[PDB]
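Below: one structure, written as structure tokens.
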Amino acid sequence: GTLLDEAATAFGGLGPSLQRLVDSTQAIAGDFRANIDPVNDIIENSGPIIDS
Amino acid sequence: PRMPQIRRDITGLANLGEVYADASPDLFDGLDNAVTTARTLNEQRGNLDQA
């Protein structure tokens, strides 16, 4: 009973919100992997300019 | 594998932000008065070319 009450409190009406969360997470992660070379270049080359 | 570089970037960003925050008021006052003299130079471009 306690576990079912806690699950109801935690997952009351979060259907659409959790669906949006998972869709956003997958889209962001896929696009981030698709654009990992620009992120690598930013990380590894922004240091010299800012330090200068 | 590129996390030391991330730490370097964050540290440099903080230092550069502090430097720019210190140096901004003088630059912006100079930009105001440079805008005034730039307006003056724009209004007399033909005079400058003839000169």
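Residues in the structure tokens are named by chain (A, B, ... in the order shown) and by number from 1 within that chain; ligands are numbered from 1 in the order shown.
Those residues of chain B that fall within 10 Å of chain A when using only C-alpha atoms read residues 2, 3, 4, 5, 6, 7, 8, 9, 10, 11, 12, 13, 14, 15, 16 and 17 of chain B.
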Include N, CA, C and O atoms and write out the residues we just selected as a PDB file, in the first residue's frame.
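New file selection-v3.pdb:
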ATOM      1  N   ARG B   2      39.109  15.139 -22.377  1.00  0.00           N
ATOM      2  CA  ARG B   2      39.378  16.563 -22.535  1.00  0.00           C
ATOM      3  C   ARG B   2      38.848  17.384 -21.363  1.00  0.00           C
ATOM      4  O   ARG B   2      38.434  18.531 -21.541  1.00  0.00           O
ATOM      5  N   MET B   3      38.847  16.814 -20.165  1.00  0.00           N
ATOM      6  CA  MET B   3      38.355  17.532 -18.993  1.00  0.00           C
ATOM      7  C   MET B   3      39.344  18.541 -18.405  1.00  0.00           C
ATOM      8  O   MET B   3      38.902  19.588 -17.910  1.00  0.00           O
ATOM      9  N   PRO B   4      40.663  18.275 -18.379  1.00  0.00           N
ATOM     10  CA  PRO B   4      41.588  19.353 -17.979  1.00  0.00           C
ATOM     11  C   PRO B   4      41.453  20.585 -18.853  1.00  0.00           C
ATOM     12  O   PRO B   4      41.576  21.714 -18.361  1.00  0.00           O
ATOM     13  N   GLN B   5      41.192  20.389 -20.145  1.00  0.00           N
ATOM     14  CA  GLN B   5      40.963  21.519 -21.035  1.00  0.00           C
ATOM     15  C   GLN B   5      39.689  22.263 -20.655  1.00  0.00           C
ATOM     16  O   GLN B   5      39.637  23.492 -20.746  1.00  0.00           O
ATOM     17  N   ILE B   6      38.652  21.539 -20.225  1.00  0.00           N
ATOM     18  CA  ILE B   6      37.425  22.193 -19.776  1.00  0.00           C
ATOM     19  C   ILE B   6      37.685  23.018 -18.520  1.00  0.00           C
ATOM     20  O   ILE B   6      37.186  24.144 -18.385  1.00  0.00           O
ATOM     21  N   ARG B   7      38.460  22.472 -17.579  1.00  0.00           N
ATOM     22  CA  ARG B   7      38.820  23.229 -16.382  1.00  0.00           C
ATOM     23  C   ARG B   7      39.612  24.480 -16.740  1.00  0.00           C
ATOM     24  O   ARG B   7      39.369  25.563 -16.187  1.00  0.00           O
ATOM     25  N   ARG B   8      40.559  24.346 -17.673  1.00  0.00           N
ATOM     26  CA  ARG B   8      41.328  25.494 -18.142  1.00  0.00           C
ATOM     27  C   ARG B   8      40.422  26.542 -18.769  1.00  0.00           C
ATOM     28  O   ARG B   8      40.586  27.743 -18.524  1.00  0.00           O
ATOM     29  N   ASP B   9      39.459  26.102 -19.581  1.00  0.00           N
ATOM     30  CA  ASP B   9      38.551  27.032 -20.243  1.00  0.00           C
ATOM     31  C   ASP B   9      37.686  27.774 -19.238  1.00  0.00           C
ATOM     32  O   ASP B   9      37.488  28.985 -19.362  1.00  0.00           O
ATOM     33  N   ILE B  10      37.157  27.067 -18.239  1.00  0.00           N
ATOM     34  CA  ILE B  10      36.320  27.719 -17.234  1.00  0.00           C
ATOM     35  C   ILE B  10      37.132  28.715 -16.411  1.00  0.00           C
ATOM     36  O   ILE B  10      36.674  29.836 -16.137  1.00  0.00           O
ATOM     37  N   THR B  11      38.352  28.336 -16.015  1.00  0.00           N
ATOM     38  CA  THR B  11      39.194  29.250 -15.245  1.00  0.00           C
ATOM     39  C   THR B  11      39.547  30.490 -16.059  1.00  0.00           C
ATOM     40  O   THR B  11      39.457  31.624 -15.566  1.00  0.00           O
ATOM     41  N   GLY B  12      39.947  30.288 -17.317  1.00  0.00           N
ATOM     42  CA  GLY B  12      40.259  31.415 -18.176  1.00  0.00           C
ATOM     43  C   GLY B  12      39.056  32.300 -18.427  1.00  0.00           C
ATOM     44  O   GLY B  12      39.181  33.521 -18.498  1.00  0.00           O
ATOM     45  N   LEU B  13      37.876  31.693 -18.580  1.00  0.00           N
ATOM     46  CA  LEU B  13      36.659  32.467 -18.783  1.00  0.00           C
ATOM     47  C   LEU B  13      36.360  33.339 -17.575  1.00  0.00           C
ATOM     48  O   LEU B  13      35.992  34.509 -17.726  1.00  0.00           O
ATOM     49  N   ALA B  14      36.513  32.790 -16.367  1.00  0.00           N
ATOM     50  CA  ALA B  14      36.297  33.597 -15.169  1.00  0.00           C
ATOM     51  C   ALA B  14      37.295  34.745 -15.089  1.00  0.00           C
ATOM     52  O   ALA B  14      36.918  35.893 -14.801  1.00  0.00           O
ATOM     53  N   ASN B  15      38.574  34.458 -15.353  1.00  0.00           N
ATOM     54  CA  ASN B  15      39.589  35.508 -15.301  1.00  0.00           C
ATOM     55  C   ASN B  15      39.321  36.593 -16.338  1.00  0.00           C
ATOM     56  O   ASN B  15      39.424  37.789 -16.039  1.00  0.00           O
ATOM     57  N   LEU B  16      38.961  36.194 -17.560  1.00  0.00           N
ATOM     58  CA  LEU B  16      38.698  37.160 -18.620  1.00  0.00           C
ATOM     59  C   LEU B  16      37.458  37.985 -18.321  1.00  0.00           C
ATOM     60  O   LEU B  16      37.417  39.181 -18.625  1.00  0.00           O
ATOM     61  N   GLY B  17      36.432  37.362 -17.744  1.00  0.00           N
ATOM     62  CA  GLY B  17      35.264  38.117 -17.335  1.00  0.00           C
ATOM     63  C   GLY B  17      35.595  39.168 -16.298  1.00  0.00           C
ATOM     64  O   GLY B  17      35.114  40.299 -16.374  1.00  0.00           O
TER      65      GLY B  17
END
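Atom pair CA of residue 15 in chain A / CA of residue 1 in chain A has a distance of 22.0 Å (rounded to one decimal).
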* To do: Report the distance between CA of residue 24 in chain B and CA of residue 43 in chain B in Å, rounded to one decimal place.
  =>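 Computed distance, CA of residue 24 in chain B to CA of residue 43 in chain B, equals 28.1 Å.
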* Structure fact -> Here CA of residue 39 in chain A and CA of residue 1 in chain B stand apart by 13.0 Å
